[PDB]
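Accompanying notes for the structure given below.
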Amino acid sequence: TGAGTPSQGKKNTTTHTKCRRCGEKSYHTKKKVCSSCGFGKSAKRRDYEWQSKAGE
Amino acid sequence: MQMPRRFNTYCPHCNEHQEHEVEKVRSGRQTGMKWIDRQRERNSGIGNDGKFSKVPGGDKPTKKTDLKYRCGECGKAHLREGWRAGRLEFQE
Amino acid sequence: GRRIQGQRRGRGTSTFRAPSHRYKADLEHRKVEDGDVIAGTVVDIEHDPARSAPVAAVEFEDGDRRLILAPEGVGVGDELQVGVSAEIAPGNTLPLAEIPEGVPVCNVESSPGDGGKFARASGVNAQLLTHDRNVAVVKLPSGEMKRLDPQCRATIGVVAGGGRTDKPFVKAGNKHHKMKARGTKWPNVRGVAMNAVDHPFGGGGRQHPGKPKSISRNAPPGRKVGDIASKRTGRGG
Amino acid sequence: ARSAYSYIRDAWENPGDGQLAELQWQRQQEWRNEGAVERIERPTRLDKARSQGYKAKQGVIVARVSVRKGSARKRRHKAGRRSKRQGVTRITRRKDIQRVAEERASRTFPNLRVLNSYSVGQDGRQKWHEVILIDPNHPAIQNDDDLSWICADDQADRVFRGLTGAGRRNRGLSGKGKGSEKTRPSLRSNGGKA
RNA sequence: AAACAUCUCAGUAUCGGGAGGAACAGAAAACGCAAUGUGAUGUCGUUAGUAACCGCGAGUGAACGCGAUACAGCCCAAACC
RNA sequence: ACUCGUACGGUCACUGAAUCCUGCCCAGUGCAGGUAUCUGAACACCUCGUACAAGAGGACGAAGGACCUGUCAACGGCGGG
RNA sequence: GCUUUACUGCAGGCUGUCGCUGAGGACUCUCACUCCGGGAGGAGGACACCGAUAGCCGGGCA
Ligand SMILES: [Cl-]
Ligand SMILES: [Cl-]
Ligand SMILES: [Cl-]
Ligand SMILES: [Cl-]
Ligand SMILES: [K+]
Ligand SMILES: [Mg+2]
Ligand SMILES: [Mg+2]
Ligand SMILES: [Mg+2]
Ligand SMILES: [Mg+2]
Ligand SMILES: [Mg+2]
Ligand SMILES: [Mg+2]
Ligand SMILES: [Mg+2]
Ligand SMILES: [Mg+2]
Ligand SMILES: [Mg+2]
Ligand SMILES: [Mg+2]
Ligand SMILES: [Mg+2]
Ligand SMILES: [Mg+2]
Ligand SMILES: [Mg+2]
Ligand SMILES: [Mg+2]
Ligand SMILES: [Mg+2]
Ligand SMILES: [Mg+2]
Ligand SMILES: [Mg+2]
Ligand code: NA
Ligand code: NA
Ligand code: NA
Ligand code: NA
Ligand code: NA
Ligand code: NA
Ligand code: NA
Ligand code: NA
Ligand code: NA
Ligand code: NA
Ligand code: NA
């Protein structure tokens, strides 16, 4: 079976959903964690310095 | 080559020709307190130690002469330029 | 290189774990205050999924219902006893001190009250040899002379299910089913059949180990493979 | 004349001799069964406590904290590293155990602020220190002319910023002269070179 | 560093923890133009690419002092009560 | 983790059903065991040195090694004349 | 990426020494410490563990 088009058809699983905290569709309903704001993992909001150029 | 243990030659200290005695320079012992000894201790740490991680070099097929010229009267020695010699043996 | 299979094991991931949730009981000797008045009746004989051998269901006078490491020759209705003054017959448990020498024993304790550790698999049994006030020599199934505290409780008889190893699995399917009930990854790929990256014996244009198979005890995990600290190898000599 | 305190001080100059020795041998046994952070009604070293700012008053708290002995509990590299940076065994942390103890205590009492701390010994595998914390919100302290300073906002989380005594010392701030070129007014402003 | 291991990139990038409107530092167990001298601390200018470091290679790199800015000096522990 | 496991176990490897079989080699390499003697770091100890220290030497000597033995269903070998 | 008796190092294993650590070159003990036992209590015990350092092995890894 090809890993391309033929492997795309089984994709009817819901994972990332609207986040109760940040409003982004990144709340992984199976992990119960937001990939965007860290809701469910951190009391603090997810943020990293690499999200922008080092001198900015 | 054969070399006379004693013979007449110029003495740079006395400033006049006199009987000298030839001796092969014996290696003096190290104190282990010179600046280089400390740098070894200081600069050596985790991982490679730079210059201190180097091992001894090779050898030349034949070594130069490492002599000591001892003046007979004043007793003060003096050094000279050595010269490539397979073996050096003294006569008397 | 990549971590070898023996290293993956350590992580205790699903594939390497035993199906504990399917295991029946942690067969351990009972804790009697003293006296030895404790006794019970064999209510049933079950199959132990963890040892591929029978385990006896017993019901004690004090209401307690617990499974047990059943030696051979035990059936429903039989009365088993546990304690210092217990009778000297199969299925009963009492310290090696109160046990007559020359009598085969199983499920022997290492430290008195630990519930039994030695000789617990199909057909095996220890052998109480020497008595004393301090020591009670017991010959374990491996043939080793184990000096033990006379207070160490043990059960009379040979572990049930003897002779299991006599018949061959014959086919892969039978091994499959057994392996599926243990903490073991199976089948087994030979190191010499892998790539250099995967195992110290991997690589080459043909199959053979690189270096000699006997490895020093001091070898680090990732390298300790093949014949571990072998005192010798082969059959001859 | 000598104070009674002077005896606790003199006693602790040699924790391995005399009565103090037998006392530690006993105490440590109970201490090893206690938790990481343990609040205690009275300081084991009164002279030291009072000397460090302690007062038998409302809002003043003490707690014994234990930290493991030794170098850094460091994980080896999982990617390319030059030999200089491949170490694990000989790497030590830049904060001293006392400082780690102060932090563990301060975190246990979120509302309190670390006043100071002192050593109370160590066995083969751990060291104990008693930390003195203060309730900056209690009026008993808010009105204390000797301690009210800790009630200021700018003293918030003082231990985490190294503003503690062991902090300032560990930050190489002891000497005002030679040797403190890279430490004062702060390690960070000096490019992190000590 | 015309390779490269100490060195360098750099205590940089990134990571953990936390304060304020600013932080930190701060009233000498200082300095050491050695003095019959200076006098808490930051910072700016300079001292200086100097001293010091370094396969003494490539590179790295202060301080005292001086001129300015702004200036501020105090509280415990103990003794005795 | 293996393990609700205990040598009829389970780990680590090689070979790859049954049947007939599986010779010779322990010198090198590996592993393991032993070892009079030799070699073998640091602390402590002794000597010299230094009003102290650096440092130099000595005595004792672990694992390891030399040396000896075991082992090829260990790695491997099985020729010239 | 991979290999090794390439160079240099890093984990890890073994080993000596120091600390925890106590009473009376070989030995006894109990009180720390460890484990078994629900507990009474038993086993072990100044060793082991842990922290530190030294020598050896060390393509497992950089
Ligand atoms: Cl010569
Ligand atoms: Cl099997
Ligand atoms: Cl704080
Ligand atoms: Cl001046
Ligand atoms: K580099
Ligand atoms: Mg793909
Ligand atoms: Mg080094
Ligand atoms: Mg069990
Ligand atoms: Mg089989
Ligand atoms: Mg499975
Ligand atoms: Mg296979
Ligand atoms: Mg292949
Ligand atoms: Mg490999
Ligand atoms: Mg083959
Ligand atoms: Mg083969
Ligand atoms: Mg600043
Ligand atoms: Mg380059
Ligand atoms: Mg160059
Ligand atoms: Mg630099
Ligand atoms: Mg200066
Ligand atoms: Mg336990
Ligand atoms: Mg490599
Ligand atoms: Na240094
Ligand atoms: Na191979
Ligand atoms: Na706090
Ligand atoms: Na520094
Ligand atoms: Na270049
Ligand atoms: Na290159
Ligand atoms: Na350098
Ligand atoms: Na001047
Ligand atoms: Na051989
Ligand atoms: Na051999
Ligand atoms: Na590649």
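By order of appearance in the structure tokens: chains A, B, ..., then residues from 1 within every chain, and ligands from 1 in the order shown.
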Find the residues around residue 25 in chain A up to 12 Å (only C-alpha atoms (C1' of nucleotides) counted), leave out those fewer than 6 positions away in its own chain, and share them as a PyMOL selection string. chain A and resi 14-19+33-37
Write out as a ChimeraX atom specification the residues lying within 8 Å of residue 31 in chain B, counting only C-alpha atoms (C1' of nucleotides) and excluding same-chain residues fewer than 3 positions away. /B:34 /F:55-56
Those same residues - N, CA, C and O atoms (P, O5', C5', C4', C3', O3' and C1' of nucleotides) - I'd like them written as a PDB file, in the first residue's frame.
```
ATOM      1  N   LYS B  34      58.849  24.705  37.821  1.00  0.00           N
ATOM      2  CA  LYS B  34      58.977  25.762  36.826  1.00  0.00           C
ATOM      3  C   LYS B  34      57.595  26.150  36.322  1.00  0.00           C
ATOM      4  O   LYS B  34      56.641  25.389  36.474  1.00  0.00           O
TER       5      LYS B  34
ATOM      6  P     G F  55      54.134  19.130  44.734  1.00  0.00           P
ATOM      7  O5'   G F  55      55.586  18.671  44.270  1.00  0.00           O
ATOM      8  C5'   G F  55      56.266  19.356  43.206  1.00  0.00           C
ATOM      9  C4'   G F  55      57.758  19.278  43.409  1.00  0.00           C
ATOM     10  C3'   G F  55      58.319  17.874  43.529  1.00  0.00           C
ATOM     11  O3'   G F  55      58.509  17.265  42.268  1.00  0.00           O
ATOM     12  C1'   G F  55      59.204  19.198  45.258  1.00  0.00           C
ATOM     13  P     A F  56      58.532  15.666  42.164  1.00  0.00           P
ATOM     14  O5'   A F  56      59.919  15.249  42.827  1.00  0.00           O
ATOM     15  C5'   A F  56      61.164  15.479  42.149  1.00  0.00           C
ATOM     16  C4'   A F  56      62.308  14.948  42.978  1.00  0.00           C
ATOM     17  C3'   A F  56      62.197  13.488  43.391  1.00  0.00           C
ATOM     18  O3'   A F  56      62.594  12.573  42.380  1.00  0.00           O
ATOM     19  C1'   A F  56      62.768  14.769  45.276  1.00  0.00           C
TER      20        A F  56
END
```
Any idea which chain D residues end up within 7 Å of chain B if we count only C-alpha atoms, as a ChimeraX atom specification please? /D:83-84,86-87
Please produce a file of the residues just selected, as a compact mmCIF listing (two decimals), in the first residue's frame, where the atoms kept are N, CA, C and O atoms.
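Saved the output as out30.txt:
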```txt
# COMPACT_ATOMS: atom_id res chain seq x y z
N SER D 83 35.36 17.31 23.09
CA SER D 83 35.86 16.66 24.31
C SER D 83 35.74 17.50 25.59
O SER D 83 35.41 16.97 26.65
N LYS D 84 35.96 18.80 25.48
CA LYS D 84 35.86 19.69 26.63
C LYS D 84 34.48 19.62 27.27
O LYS D 84 34.36 19.71 28.49
N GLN D 86 32.20 17.03 27.10
CA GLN D 86 31.66 15.67 27.18
C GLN D 86 31.60 15.14 28.61
O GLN D 86 31.20 14.00 28.83
N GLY D 87 32.00 15.98 29.56
CA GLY D 87 32.03 15.59 30.95
C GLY D 87 30.68 15.34 31.59
O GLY D 87 29.65 15.81 31.10
```
Within 8 Å of chain F: residues of chain C, using only C-alpha atoms (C1' of nucleotides), as a short mmCIF file (atom, residue, chain, number, x, y, z; two decimals) with N, CA, C and O atoms, in the first residue's frame:
```cif
data_model
loop_
_atom_site.label_atom_id
_atom_site.label_comp_id
_atom_site.auth_asym_id
_atom_site.auth_seq_id
_atom_site.Cartn_x
_atom_site.Cartn_y
_atom_site.Cartn_z
N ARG C 9 14.76 -3.33 26.09
CA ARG C 9 14.11 -4.09 27.17
C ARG C 9 14.01 -3.29 28.46
O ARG C 9 12.93 -3.13 29.01
N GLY C 10 15.16 -2.83 28.95
CA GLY C 10 15.23 -2.08 30.20
C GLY C 10 14.17 -1.02 30.38
O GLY C 10 13.67 -0.82 31.49
N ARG C 11 13.80 -0.36 29.29
CA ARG C 11 12.80 0.70 29.35
C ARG C 11 11.43 0.26 29.87
O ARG C 11 10.62 1.10 30.27
N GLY C 12 11.20 -1.05 29.88
CA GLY C 12 9.94 -1.59 30.36
C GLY C 12 8.73 -1.12 29.57
O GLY C 12 7.69 -0.77 30.15
N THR C 13 8.86 -1.05 28.24
CA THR C 13 7.74 -0.63 27.41
C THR C 13 6.75 -1.78 27.29
O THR C 13 7.04 -2.90 27.73
N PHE C 16 7.80 -5.32 26.10
CA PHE C 16 8.67 -6.09 26.97
C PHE C 16 8.06 -6.52 28.30
O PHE C 16 8.54 -7.46 28.94
N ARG C 17 6.99 -5.85 28.70
CA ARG C 17 6.33 -6.18 29.95
C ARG C 17 5.58 -7.51 29.90
O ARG C 17 5.33 -8.07 28.83
N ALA C 18 5.25 -8.04 31.08
CA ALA C 18 4.49 -9.28 31.22
C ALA C 18 3.02 -8.85 31.35
O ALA C 18 2.74 -7.77 31.87
N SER C 20 0.70 -8.76 33.32
CA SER C 20 0.33 -8.82 34.73
C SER C 20 -1.16 -8.81 34.99
O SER C 20 -1.66 -9.62 35.78
N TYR C 23 -2.45 -12.10 35.02
CA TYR C 23 -1.93 -13.04 36.00
C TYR C 23 -2.91 -13.22 37.17
O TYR C 23 -3.57 -12.26 37.59
N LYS C 24 -3.00 -14.45 37.67
CA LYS C 24 -3.94 -14.77 38.75
C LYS C 24 -3.57 -14.38 40.17
O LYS C 24 -4.23 -13.52 40.76
N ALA C 25 -2.52 -15.00 40.71
CA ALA C 25 -2.11 -14.71 42.08
C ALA C 25 -0.61 -14.69 42.31
O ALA C 25 0.16 -15.31 41.58
N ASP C 26 -0.21 -13.95 43.34
CA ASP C 26 1.19 -13.83 43.74
C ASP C 26 1.36 -14.87 44.84
O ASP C 26 1.33 -14.54 46.03
N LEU C 27 1.49 -16.13 44.43
CA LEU C 27 1.61 -17.28 45.36
C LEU C 27 2.64 -17.13 46.47
O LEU C 27 3.83 -17.34 46.25
N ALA C 50 0.99 -17.51 34.67
CA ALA C 50 2.35 -17.01 34.83
C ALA C 50 3.41 -18.10 34.91
O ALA C 50 4.58 -17.83 34.71
N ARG C 51 3.00 -19.33 35.22
CA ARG C 51 3.99 -20.39 35.35
C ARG C 51 3.73 -21.65 34.55
O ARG C 51 4.52 -22.60 34.61
N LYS C 117 10.78 -18.46 47.74
CA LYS C 117 11.48 -17.97 46.55
C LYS C 117 12.03 -19.08 45.66
O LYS C 117 11.89 -19.03 44.43
N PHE C 118 12.71 -20.04 46.28
CA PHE C 118 13.36 -21.14 45.58
C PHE C 118 12.51 -22.36 45.21
O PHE C 118 11.62 -22.78 45.96
N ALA C 119 12.85 -22.95 44.06
CA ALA C 119 12.17 -24.14 43.53
C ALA C 119 10.66 -23.96 43.45
O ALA C 119 9.93 -24.47 44.31
N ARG C 120 10.20 -23.24 42.43
CA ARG C 120 8.77 -23.00 42.28
C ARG C 120 8.24 -23.29 40.90
O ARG C 120 7.05 -23.11 40.65
N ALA C 121 9.09 -23.74 39.99
CA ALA C 121 8.65 -24.03 38.63
C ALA C 121 8.38 -25.52 38.43
O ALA C 121 8.91 -26.37 39.16
N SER C 122 7.58 -25.82 37.41
CA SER C 122 7.18 -27.18 37.06
C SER C 122 8.16 -28.30 37.37
O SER C 122 9.33 -28.25 36.97
N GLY C 123 7.67 -29.28 38.13
CA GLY C 123 8.44 -30.46 38.48
C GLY C 123 9.62 -30.36 39.43
O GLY C 123 9.95 -31.34 40.10
N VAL C 124 10.24 -29.19 39.52
CA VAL C 124 11.41 -29.05 40.39
C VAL C 124 11.14 -29.24 41.87
O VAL C 124 9.99 -29.29 42.32
N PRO C 141 17.47 -27.00 42.97
CA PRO C 141 17.38 -27.70 41.69
C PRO C 141 18.57 -27.51 40.74
O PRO C 141 18.84 -28.38 39.90
N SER C 142 19.29 -26.40 40.89
CA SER C 142 20.46 -26.14 40.06
C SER C 142 21.64 -27.00 40.50
O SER C 142 22.68 -27.05 39.84
N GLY C 162 5.23 -31.55 36.60
CA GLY C 162 6.49 -32.13 36.15
C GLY C 162 6.51 -32.68 34.73
O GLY C 162 5.46 -33.09 34.21
N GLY C 163 7.68 -32.63 34.09
CA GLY C 163 7.84 -33.15 32.73
C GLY C 163 7.39 -32.28 31.57
O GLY C 163 7.41 -32.73 30.42
N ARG C 164 7.02 -31.03 31.84
CA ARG C 164 6.55 -30.08 30.81
C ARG C 164 7.51 -29.90 29.62
O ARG C 164 7.09 -29.82 28.47
N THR C 165 8.80 -29.86 29.94
CA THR C 165 9.90 -29.68 29.00
C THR C 165 10.17 -30.91 28.11
O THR C 165 10.95 -30.84 27.16
N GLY C 183 6.90 -12.05 29.96
CA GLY C 183 7.52 -10.77 29.68
C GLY C 183 8.72 -11.02 28.77
O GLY C 183 9.87 -10.96 29.22
N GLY C 191 21.93 -11.64 16.15
CA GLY C 191 22.71 -10.41 16.05
C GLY C 191 23.43 -10.35 14.71
O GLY C 191 23.29 -9.40 13.94
N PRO C 209 30.28 -13.27 13.56
CA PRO C 209 30.53 -12.15 14.46
C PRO C 209 31.87 -11.50 14.13
O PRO C 209 32.77 -12.15 13.58
N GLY C 210 32.00 -10.22 14.42
CA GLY C 210 33.25 -9.54 14.14
C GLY C 210 34.35 -10.08 15.01
O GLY C 210 35.22 -10.80 14.54
N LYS C 211 34.27 -9.77 16.30
CA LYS C 211 35.25 -10.21 17.28
C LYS C 211 34.84 -11.57 17.87
O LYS C 211 33.95 -12.24 17.34
N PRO C 212 35.60 -12.08 18.85
CA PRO C 212 35.25 -13.36 19.46
C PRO C 212 34.02 -13.13 20.36
O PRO C 212 33.87 -12.05 20.94
N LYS C 213 33.18 -14.14 20.50
CA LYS C 213 31.95 -14.00 21.27
C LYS C 213 32.04 -13.84 22.77
O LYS C 213 31.12 -13.29 23.38
N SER C 214 33.13 -14.29 23.39
CA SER C 214 33.28 -14.19 24.84
C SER C 214 33.64 -12.78 25.31
O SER C 214 34.76 -12.31 25.12
N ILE C 215 32.70 -12.15 26.01
CA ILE C 215 32.87 -10.79 26.47
C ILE C 215 33.11 -10.62 27.97
O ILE C 215 32.44 -11.23 28.80
N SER C 216 34.05 -9.73 28.30
CA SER C 216 34.40 -9.44 29.68
C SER C 216 33.19 -8.99 30.50
O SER C 216 32.28 -8.35 29.97
N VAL C 225 27.28 -8.72 24.89
CA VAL C 225 26.45 -9.63 24.09
C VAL C 225 27.28 -10.86 23.79
O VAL C 225 28.50 -10.86 23.97
N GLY C 226 26.63 -11.89 23.27
CA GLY C 226 27.33 -13.13 22.99
C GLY C 226 27.52 -13.91 24.28
O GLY C 226 26.65 -13.92 25.15
N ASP C 227 28.68 -14.54 24.42
CA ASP C 227 28.99 -15.34 25.59
C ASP C 227 29.51 -14.52 26.76
O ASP C 227 30.71 -14.25 26.86
N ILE C 228 28.60 -14.16 27.66
CA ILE C 228 28.94 -13.33 28.80
C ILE C 228 29.84 -14.00 29.83
O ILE C 228 29.46 -14.98 30.47
N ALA C 229 31.05 -13.46 29.95
CA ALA C 229 32.07 -13.92 30.88
C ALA C 229 32.20 -15.44 30.96
O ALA C 229 32.37 -16.00 32.04
N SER C 230 32.14 -16.09 29.80
CA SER C 230 32.24 -17.53 29.75
C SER C 230 33.53 -18.07 30.38
O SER C 230 34.62 -17.55 30.11
N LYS C 231 33.41 -19.07 31.25
CA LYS C 231 34.58 -19.69 31.90
C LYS C 231 35.22 -20.66 30.91
O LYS C 231 36.35 -21.11 31.10
N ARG C 232 34.45 -20.99 29.88
CA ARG C 232 34.87 -21.88 28.80
C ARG C 232 33.69 -21.98 27.84
O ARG C 232 32.60 -21.51 28.15
N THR C 233 33.92 -22.57 26.68
CA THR C 233 32.84 -22.72 25.70
C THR C 233 33.00 -24.03 24.95
O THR C 233 34.04 -24.67 25.03
N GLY C 234 31.97 -24.42 24.22
CA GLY C 234 32.02 -25.66 23.47
C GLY C 234 31.68 -26.86 24.34
O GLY C 234 31.30 -26.70 25.50
N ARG C 235 31.84 -28.05 23.78
CA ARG C 235 31.54 -29.29 24.50
C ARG C 235 32.81 -30.06 24.85
O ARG C 235 32.93 -30.60 25.96
N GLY C 237 36.76 -31.23 25.71
CA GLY C 237 37.67 -30.87 26.78
C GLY C 237 37.17 -31.19 28.19
O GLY C 237 37.52 -30.44 29.13
#
```
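Contacts with ligand 2 are defined as any residue atom within 8 Å of a ligand atom, using only C-alpha atoms (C1' of nucleotides) and all ligand atoms; the residues meeting this criterion are residues 175, 178 and 179 of chain C.
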Generate a file of the selected residues that holds C-alpha atoms, formatted as a short mmCIF file (atom, residue, chain, number, x, y, z; two decimals), in the first residue's frame.
```
data_model
loop_
_atom_site.label_atom_id
_atom_site.label_comp_id
_atom_site.auth_asym_id
_atom_site.auth_seq_id
_atom_site.Cartn_x
_atom_site.Cartn_y
_atom_site.Cartn_z
CA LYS C 175 5.84 -21.01 21.05
CA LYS C 178 3.46 -19.43 25.29
CA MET C 179 5.64 -16.33 24.75
#
```
Need the shell around range 105-113 of chain D: protein/DNA/RNA residues with any atom at most 10 Å away, counting only C-alpha atoms (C1' of nucleotides). Skip same-chain ones fewer than 4 positions apart. Format as number ranges by chain? D: 36-39, 59-66, 100-101, 129-137, 150-151, 155-160, 164
Keeping N, CA, C and O atoms for every residue in the selection just given, could you write it to a file as a short mmCIF file (atom, residue, chain, number, x, y, z; two decimals), in the first residue's frame?
```
data_model
loop_
_atom_site.label_atom_id
_atom_site.label_comp_id
_atom_site.auth_asym_id
_atom_site.auth_seq_id
_atom_site.Cartn_x
_atom_site.Cartn_y
_atom_site.Cartn_z
N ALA D 36 11.92 16.23 53.29
CA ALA D 36 12.84 17.20 52.71
C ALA D 36 12.86 18.52 53.49
O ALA D 36 13.92 18.99 53.88
N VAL D 37 11.68 19.10 53.68
CA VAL D 37 11.53 20.36 54.43
C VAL D 37 10.74 20.07 55.72
O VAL D 37 9.63 19.54 55.67
N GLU D 38 11.30 20.42 56.86
CA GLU D 38 10.64 20.18 58.14
C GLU D 38 10.61 21.40 59.03
O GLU D 38 11.65 21.83 59.51
N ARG D 39 9.42 21.94 59.26
CA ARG D 39 9.29 23.10 60.13
C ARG D 39 9.58 22.67 61.56
O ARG D 39 9.19 21.58 61.98
N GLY D 59 5.53 35.39 63.22
CA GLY D 59 5.90 35.64 61.84
C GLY D 59 7.31 35.21 61.51
O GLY D 59 7.75 35.35 60.37
N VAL D 60 8.03 34.72 62.51
CA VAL D 60 9.39 34.24 62.30
C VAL D 60 9.29 32.73 62.30
O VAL D 60 8.76 32.14 63.24
N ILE D 61 9.78 32.10 61.24
CA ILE D 61 9.72 30.66 61.10
C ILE D 61 11.08 30.05 60.78
O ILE D 61 11.94 30.71 60.18
N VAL D 62 11.28 28.82 61.23
CA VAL D 62 12.51 28.08 60.98
C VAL D 62 12.11 26.71 60.42
O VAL D 62 11.04 26.20 60.75
N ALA D 63 12.96 26.14 59.57
CA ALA D 63 12.70 24.84 58.97
C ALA D 63 14.00 24.18 58.58
O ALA D 63 14.90 24.84 58.08
N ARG D 64 14.13 22.88 58.83
CA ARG D 64 15.34 22.17 58.48
C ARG D 64 15.14 21.57 57.11
O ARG D 64 14.08 21.00 56.84
N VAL D 65 16.14 21.71 56.26
CA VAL D 65 16.07 21.21 54.88
C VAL D 65 17.27 20.34 54.57
O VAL D 65 18.40 20.71 54.90
N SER D 66 17.04 19.20 53.93
CA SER D 66 18.15 18.33 53.58
C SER D 66 18.34 18.20 52.08
O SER D 66 17.37 18.03 51.32
N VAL D 100 20.76 25.84 47.67
CA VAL D 100 19.72 24.97 47.14
C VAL D 100 18.69 24.71 48.24
O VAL D 100 17.49 24.66 47.98
N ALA D 101 19.19 24.55 49.47
CA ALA D 101 18.35 24.30 50.64
C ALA D 101 17.43 25.48 50.91
O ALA D 101 16.25 25.30 51.20
N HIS D 129 20.40 22.00 56.75
CA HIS D 129 20.54 23.42 57.02
C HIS D 129 19.20 23.91 57.55
O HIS D 129 18.14 23.45 57.12
N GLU D 130 19.22 24.85 58.49
CA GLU D 130 17.97 25.37 59.00
C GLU D 130 17.81 26.77 58.45
O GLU D 130 18.71 27.59 58.55
N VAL D 131 16.69 27.00 57.78
CA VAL D 131 16.42 28.30 57.17
C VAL D 131 15.48 29.12 58.05
O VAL D 131 14.60 28.58 58.69
N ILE D 132 15.71 30.43 58.10
CA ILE D 132 14.87 31.32 58.88
C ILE D 132 14.03 32.09 57.86
O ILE D 132 14.59 32.82 57.04
N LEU D 133 12.72 31.91 57.92
CA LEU D 133 11.82 32.59 56.99
C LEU D 133 10.95 33.60 57.75
O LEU D 133 10.83 33.51 58.97
N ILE D 134 10.38 34.56 57.04
CA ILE D 134 9.60 35.62 57.67
C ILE D 134 8.28 35.90 56.95
O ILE D 134 8.26 35.95 55.72
N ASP D 135 7.20 36.06 57.70
CA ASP D 135 5.88 36.36 57.14
C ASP D 135 5.80 37.88 56.98
O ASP D 135 5.33 38.57 57.88
N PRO D 136 6.14 38.40 55.80
CA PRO D 136 6.12 39.84 55.52
C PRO D 136 4.75 40.46 55.62
O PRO D 136 4.61 41.69 55.54
N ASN D 137 3.73 39.62 55.76
CA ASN D 137 2.35 40.07 55.86
C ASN D 137 1.81 40.19 57.27
O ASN D 137 0.77 40.83 57.50
N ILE D 150 12.01 43.60 55.21
CA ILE D 150 11.71 42.43 54.39
C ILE D 150 10.30 42.49 53.83
O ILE D 150 9.98 41.79 52.87
N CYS D 151 9.47 43.34 54.41
CA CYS D 151 8.09 43.50 53.97
C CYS D 151 7.96 44.27 52.65
O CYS D 151 6.88 44.29 52.06
N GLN D 155 11.58 42.97 47.86
CA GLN D 155 12.24 41.86 48.54
C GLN D 155 11.54 40.55 48.18
O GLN D 155 11.95 39.48 48.63
N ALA D 156 10.49 40.65 47.37
CA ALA D 156 9.72 39.50 46.92
C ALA D 156 10.63 38.48 46.25
O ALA D 156 11.43 38.83 45.38
N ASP D 157 10.49 37.22 46.65
CA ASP D 157 11.29 36.12 46.11
C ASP D 157 12.79 36.39 46.19
O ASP D 157 13.58 35.92 45.37
N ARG D 158 13.19 37.12 47.23
CA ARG D 158 14.59 37.47 47.41
C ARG D 158 15.56 36.31 47.26
O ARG D 158 16.61 36.47 46.65
N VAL D 159 15.19 35.13 47.73
CA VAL D 159 16.10 33.99 47.64
C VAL D 159 16.37 33.53 46.21
O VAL D 159 17.47 33.08 45.90
N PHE D 160 15.36 33.66 45.35
CA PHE D 160 15.49 33.20 43.97
C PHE D 160 16.34 34.11 43.12
O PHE D 160 16.75 33.74 42.02
N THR D 164 19.96 36.72 49.06
CA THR D 164 20.17 36.17 50.39
C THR D 164 21.64 36.33 50.78
O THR D 164 22.46 36.75 49.96
#
```
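A straight line drawn from CA of residue 146 in chain D to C1' of residue 74 in chain E is 12.3 Å long.
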Could you go through range 46-168 of chain D and tell me which residues DSSP, when run on the backbone, assigns to alpha helix (DSSP H), listing them as an mmCIF file with C-alpha atoms, in the first residue's frame?
```cif
data_model
loop_
_atom_site.group_PDB
_atom_site.id
_atom_site.type_symbol
_atom_site.label_atom_id
_atom_site.label_comp_id
_atom_site.auth_asym_id
_atom_site.auth_seq_id
_atom_site.Cartn_x
_atom_site.Cartn_y
_atom_site.Cartn_z
ATOM 1 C CA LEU D 46 20.035 29.727 68.921
ATOM 2 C CA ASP D 47 23.189 31.868 68.887
ATOM 3 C CA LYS D 48 23.449 31.477 65.108
ATOM 4 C CA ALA D 49 19.732 32.075 64.559
ATOM 5 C CA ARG D 50 19.539 35.222 66.657
ATOM 6 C CA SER D 51 22.923 36.295 65.261
ATOM 7 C CA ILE D 97 23.990 23.152 48.739
ATOM 8 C CA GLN D 98 23.111 25.783 51.329
ATOM 9 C CA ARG D 99 21.666 27.914 48.562
ATOM 10 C CA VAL D 100 19.715 24.970 47.138
ATOM 11 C CA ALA D 101 18.347 24.297 50.636
ATOM 12 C CA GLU D 102 17.182 27.878 51.011
ATOM 13 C CA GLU D 103 15.263 27.641 47.740
ATOM 14 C CA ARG D 104 13.570 24.348 48.578
ATOM 15 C CA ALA D 105 12.404 25.855 51.874
ATOM 16 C CA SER D 106 11.177 29.127 50.366
ATOM 17 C CA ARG D 107 9.115 27.182 47.827
ATOM 18 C CA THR D 108 7.557 25.210 50.654
ATOM 19 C CA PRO D 139 1.729 42.980 61.512
ATOM 20 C CA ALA D 140 4.060 41.741 64.244
ATOM 21 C CA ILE D 141 6.814 41.954 61.651
ATOM 22 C CA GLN D 142 5.375 44.891 59.720
ATOM 23 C CA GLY D 165 23.344 36.081 52.487
ATOM 24 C CA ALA D 166 24.574 32.778 51.131
ATOM 25 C CA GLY D 167 23.434 34.157 47.793
ATOM 26 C CA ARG D 168 25.559 37.286 47.788
#
```
Give me the residues within 12 Å of range 8-11 of chain G as number ranges by chain, counting only C-alpha atoms (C1' of nucleotides) and dropping any in the same chain fewer than 5 places off. B: 45-55; C: 219-222; D: 74-78, 80-90; E: 4-6; G: 58-62
